[PDB]
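Down below is the structure, laid out as structure tokens.
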Amino acid sequence: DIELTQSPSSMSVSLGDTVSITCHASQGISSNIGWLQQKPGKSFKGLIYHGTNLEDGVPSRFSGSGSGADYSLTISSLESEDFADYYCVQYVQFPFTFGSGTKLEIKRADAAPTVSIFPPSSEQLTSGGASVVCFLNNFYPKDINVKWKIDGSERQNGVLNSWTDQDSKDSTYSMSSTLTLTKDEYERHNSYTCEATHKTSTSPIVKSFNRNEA
Amino acid sequence: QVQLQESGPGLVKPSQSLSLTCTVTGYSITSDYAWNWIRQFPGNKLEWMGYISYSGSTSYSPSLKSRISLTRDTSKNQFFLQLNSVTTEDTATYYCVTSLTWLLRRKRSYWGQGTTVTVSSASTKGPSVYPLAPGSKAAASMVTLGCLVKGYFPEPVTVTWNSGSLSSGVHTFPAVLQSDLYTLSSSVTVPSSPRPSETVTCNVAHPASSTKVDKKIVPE
Ligand SMILES: Cc1cc2c(cc1C(=O)CCC(=O)O)[C@@H](C(C)C)[C@H](C)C2(C)C
């Protein structure tokens with residue numbers, strides 16, 4: 001298979017900036033490469049073909065370059081629409097291969113996360129399960145570490161994490177870490193703490209409750 | 001105008017076959033160019049499966065050659081995909097897409113919207129909805145309430161906060177697998193004066209099971 005490697009894998013940039021994405025093929029592909037754009041959620045749009053040619057409808061600010069095994073996509077003066085995912089693809093040899101993609105994220109100022117920890121509801125405990133939820137909302141940048149400690153001891157298993165895409169209003173990211181236990185193990189411990197690690201604070205953000213509180 | 005639209009059931013049982021249809025309008029699949037099938041795995045990874053040319057010839061990816069089958073119906077102008085003996089790894093979003101077309105000035109490629117096809121053996125199993133009220137600490141001028149939807153299958157689920165009048169400060173996180181059943185949560189941040197005097201009801205709906213659960217977030 002022809003190994004097309006892209007870099008960077010993502011990038012925080014502002015409206016009006018010029019960005020360059022590159023794809024390197026594990027061999028000479030003779031300008032047989034196309035660049036694709038995948039928007040939120042969505043579907044795909046072909047940007048350029050045969051290394052340098054734009055497709056019908058593609059705004060002039062898109063440009064491709066490259067020879068042999070090195071190709072590049074350039075987006076002069078980014079616009080709001082331009083913030084998406086870009087992929088390169090080699091079509092010179094079966095099986096047509098794609099690059100790992102590059103995500104264009106809109107940069108904004110740092111923002112600390114709002115942390116919230118929730119005890120398992122009575123309704124759930126009746127069943128015999130006990131999920132402890134922690135929300136880390138509206139933070140920046142995306143890099144955040146979340147530790148779940150039970151009575152002062154870190155817990156790895158049962159931790160289910162989930163992130164949202166970059167919100168279109170504030171441009172922040174939110175995280176949800178849920179710690180699923182059984183009612184048996186839940187009732188054998190008292191301290192449950194959701195601990196976050198972010199550069200916006202020199203000391204970890206710590207939210208906790210006690211199984212004995214209301 | 002050329003348009004490609006995919007069709008076919010979105011749920012397949014392991015060991016059986018996945019079959020999709022791509023209806024082409026605005027051009028004849030016998031005239032020119034290759035009509036492809038590609039999939040995007042959860043993780044954004046893309047894989048090219050194969051194609052059927054205008055002459056009836058097919059080219060499949062080597063690693064799929066024994067399980068894949070690309071076929072057409074010229075009179076109805078649609079081509080299909082059939083993946084045999086699917087396993088959970090085949091869970092992906094499928095796209096039918098064309099090679100480079102030349103109708104306008106510069107070439108252009110056409111894509112479909114893509115359909116997600118999940119491979120599991122789980123019966124549709126409705127969600128368990130739990131209200132996440134604050135636990136008895138600070139608070140401040142803003143409250144964050146939650147709604148836990150767990151152990152449901154298949155995807156998706158619709159979560160709204162009333163009935164839909166509550167739009168701001170709402171975060172519905174994507175679903176993750178947990179022993180073959182899905183689990184998601186949503187949070188809403190309202191000023192501390194509103195709740196609980198101004199009720200916050202979480203509305204969870206699961207289409208696949210004709211279920212509509214309304215769980216009010218009341219203070220502990
Ligand atoms: C068969 C073919 C398939 C496709 C591509 C090009 C060809 C081509 O072979 C080049 C077109 C031509 O030969 O004129 C890419 C388009 C975006 C350009 C797609 C990734 C893919 C896989 C769907």
Side-chain angles (χ1 to χ4, degrees), chain A residues 1 34 36 38 42-46 49-50 53-58 85 87 89 91 94-101 103 114-124 127 129 131-133 135 137-138 158 160-165 167 169 174-176 178 180 192 207-210 213-214, chain B residues 36 38 40 44-51 59-64 95 97 99-100 103-114 128-137 139 142-146 148 150-151 168-169 171-178 183-187 189 215 220:
Chain A
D1 293 17
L36 313 61
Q38 178 182 226
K42 226 77 58 173
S43 204
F44 286 86
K45 214 277 139 66
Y49 66 95
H50 192 66
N53 308 294
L54 275 70
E55 284 189 19
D56 197 275
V58 183
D85 258 281
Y87 304 94
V89 57
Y91 56 91
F94 296 161
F96 302 158
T97 50
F98 297 79
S100 64
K103 181 183 300 294
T114 323
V115 190
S116 307
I117 201 175
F118 303 86
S121 54
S122 321
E123 306 183 16
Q124 190 184 178
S127 295
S131 296
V132 199
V133 180
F135 291 139
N137 298 358
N138 307 67
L160 234 54
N161 294 157
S162 191
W163 297 247
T164 53
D165 295 319
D167 184 57
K169 305 186 202 69
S174 307
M175 191 190 132
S176 171
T178 304
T180 299
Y192 295 88
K207 236 58 174 183
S208 59
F209 69 90
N210 190 299
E213 303 175 339
Chain B
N36 310 263
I38 83 159
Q40 192 179 218
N44 293 228
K45 182 170 288 183
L46 291 153
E47 175 186 20
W48 175 77
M49 305 176 81
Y51 74 51
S59 309
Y60 310 131
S61 171
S63 49
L64 281 20
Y95 298 89
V97 38
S99 65
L100 281 304
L103 290 162
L104 299 171
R105 175 81 101 113
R106 275 158 263 121
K107 291 184 178 180
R108 221 210 98 110
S109 64
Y110 294 104
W111 295 74
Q113 76 291 346
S128 240
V129 177
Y130 303 116
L132 299 172
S136 287
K137 240 224 213 184
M142 289 296 206
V143 226
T144 291
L145 315 155
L148 182 57
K150 79 184 295 290
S168 301
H171 279 114
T172 316
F173 309 87
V176 303
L177 274 294
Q178 188 188 265
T183 291
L184 79 66
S185 64
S186 185
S187 61
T189 54
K215 203 76 68 169
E220 301 211 314

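Below, read A as the first sequence line, B as the second, and so on, with proteins coming before strands; counting in each chain starts at 1.
- By number of non-hydrogen pairs under 4.5 angstrom with chain B, the leading residue of A/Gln38, A/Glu213, A/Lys169, A/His50 is A/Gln38.
- For the set B/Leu64, B/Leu100, B/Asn36, the count of heavy-atom pairs under 4.5 angstrom toward chain A peaks at B/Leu100.
- A/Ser43 and B/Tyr95 get closest at one heavy-atom pair: OG-CE2, 3.9 Å.
- Heavy atoms of A/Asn210 lying under 4.5 Å from chain B are absent altogether.
- Scanning both residues, B/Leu148 and A/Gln124, for their nearest heavy atoms gives CD2-NE2, 4.3 Å.
- For A/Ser100, no part sits under 4.5 Å from any heavy atom of chain B, backbone or side chain.
- Taking each heavy atom of A/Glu123 and B/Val129 in turn, the nearest pair found is OE1-O, 4.0 Å.
- Listed options B/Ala175, B/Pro131, B/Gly114, B/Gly50 were ranked by heavy-atom pairs under 4.5 angstrom with chain A; first place goes to B/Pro131.
- Interatomic distance, CG of B/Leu184 versus OG1 of A/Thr178, reported as 9.5 Å (0.5 Å rounding).
- B/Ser109 and A/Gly46 get closest at one heavy-atom pair: OG-CA, 4.0 Å.
- Using a 4.5 Å cut-off between heavy atoms, A/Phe135 touches chain B through its side chain atoms alone.
- Remark: B/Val143 pairs with B/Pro134, B/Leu145, B/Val190, B/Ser192, B/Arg195 by the side-chain contact (heavy atoms from CB on, under 4.5 Å) rule, at least two apart or across chains.
- In this structure, the portions of B/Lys107 lying under 4.5 Å from any heavy atom of chain A include both its backbone and its side chain.
- In this structure a side-chain-to-backbone donor-acceptor pair under 3.5 Å is present from B/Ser136 to A/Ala214.
- For A/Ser127, the part lying under 4.5 angstrom from a heavy atom of chain B is the side chain only.
- For B/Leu103, the side-chain contact (heavy atoms from CB on, under 4.5 Å) partners are B/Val2, B/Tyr27, B/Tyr33, B/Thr101, not counting sequence neighbours.
- Using a 4.5 Å cut-off between heavy atoms, B/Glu47 touches chain A through its backbone atoms (N, CA, C, O) alone.
- Heavy atoms of A/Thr180 lying under 4.5 Å from chain B belong exclusively to its side chain.
- Neither the backbone nor the side chain of B/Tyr110 comes within less than 4.5 Å of any heavy atom in chain A.
- Using a 4.5 Å cut-off between heavy atoms, B/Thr172 touches chain A through its backbone atoms (N, CA, C, O) alone.
- Inter-residue side-chain proximity for B/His171 and A/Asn138 is flagged as met; some heavy-atom pair is nearer than 4.5 Å.
- Of all heavy-atom pairs spanning A/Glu55 and B/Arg106, the tightest one is O-NH1, 3.5 Å.
- Here B/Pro174 is the residue among B/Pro174, B/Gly135, B/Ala139 with the most heavy-atom pairs under 4.5 Å with chain A.
- In terms of heavy-atom pairs under 4.5 Å with chain B, the best-connected choice from A/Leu36, A/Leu160, A/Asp1 is A/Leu160.
- Separation of atoms CG (A/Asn161) and CZ (B/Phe173) is listed at 11.5 Å; rounding is to 0.5 Å.
- Taking B/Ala133, B/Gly169, B/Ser128 one by one and counting their heavy-atom pairs under 4.5 Å with chain A, the maximum is reached by B/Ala133.
- Between the side chain of B/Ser61 and the backbone N or O of A/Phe94, no donor-acceptor pair lies under 3.5 Å.
- A heavy-atom distance below 4.5 Å is not found between the side chains of A/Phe96 and B/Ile38.
- Contacts between A/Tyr49 and chain B at a heavy-atom distance below 4.5 Å involve the side chain alone, from C-beta outward.
- Proximity to chain A involves both the backbone and the side chain of B/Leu132, based on heavy atoms less than 4.5 angstrom apart.
- Note on A/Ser116, A/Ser121, A/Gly99, A/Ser174: by heavy-atom pairs under 4.5 Å with chain B, the leading option is A/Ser174.
- The choice from A/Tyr91, A/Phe44, A/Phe209, A/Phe98 that makes the most heavy-atom pairs within less than 4.5 Å of chain B is A/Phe44.
- Residue A/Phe118 holds its CZ atom at 7.0 Å from OG of B/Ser187, rounded to the nearest 0.5 Å.
- Heavy atoms closer than 4.5 Å to chain A are found nowhere in B/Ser168, neither backbone nor side chain.
- Heavy-atom distances place the backbone of B/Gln113, and not its side chain, under 4.5 Å from chain A.
- Counting heavy atoms of neighbouring residues, nucleotides and ligands inside a 6.0 Å radius, atom CG of A/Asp165 does not exceed 12 of them.
- Using a 4.5 Å cut-off between heavy atoms, A/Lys207 makes no contact with chain B at all.
- Of the two parts of A/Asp85, only the side chain, counted from C-beta on, holds a non-hydrogen atom closer than 4.5 Å to a non-hydrogen atom of chain B.
- Taking NZ of A/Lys45 as the reference point, atom CZ of B/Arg108 lies at 4.0 Å (rounded to 0.5 Å).
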